[PDB]
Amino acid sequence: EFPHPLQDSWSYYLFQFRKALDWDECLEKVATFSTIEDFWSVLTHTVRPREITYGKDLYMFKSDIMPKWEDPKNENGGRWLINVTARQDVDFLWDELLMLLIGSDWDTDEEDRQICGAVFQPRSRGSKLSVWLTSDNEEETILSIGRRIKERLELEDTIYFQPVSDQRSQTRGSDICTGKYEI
């Protein structure tokens, strides 16, 4: 009953677009947690991935890292992008993903140091999960993180590592999917 402390404190954000708000003004921090117990409470008290309306997104980031490219810990970084398929349960994907992150179930300390946060993006065209990392060029560490994600999420399809520069320049609507790294 004494709470179980986590390696990191994390903050949980909902992105909800409304006209006449800038991208970053569409984000709102709905919780900060630092224990296993408060982690699960957050997920029990917020919308399930399978229930969310399209275009309303979930961001979970280490608390001192803002969920935006502009953050120092993000600007020189990149994401592992996961393209969700029709057969996949997004609750399972999200829960497994957040468990991996909050429990810090990486083999090495350095892998945990790379982690910024995770993003769930429900889309009619095909939903996306991402893990944002602090660098775009720590090849070995980035690749072992990508491998661990695929294991935990039981992923079959190729996942893509995309530096922030490529995410920014990416035109909405484009059907091209590529990465600096792939596994």
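Numbers follow the displayed sequence, beginning with 1.
Two stretches are in play, 49-57 and 152-160, and the higher mean C-alpha B-factor belongs to 49-57. As listed in the deposited structure, the average C-alpha B-factor of 5-13 and of 162-170 is greater for 162-170. The entry assigns its greatest Cα B factor, within the set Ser124, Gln121, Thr35, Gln114, to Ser124.
When the modelled residues of the chain are ordered by C-alpha B-factor, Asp107 sits in the highest third.
In the PDB entry, a CA B factor belonging to the middle third of its chain's modelled residues is recorded for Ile65. When the modelled residues of the chain are ordered by C-alpha B-factor, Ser130 sits in the lowest third.
Among the modelled residues of the chain, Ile145 sits in the lowest third by CA temperature factor in this PDB entry.
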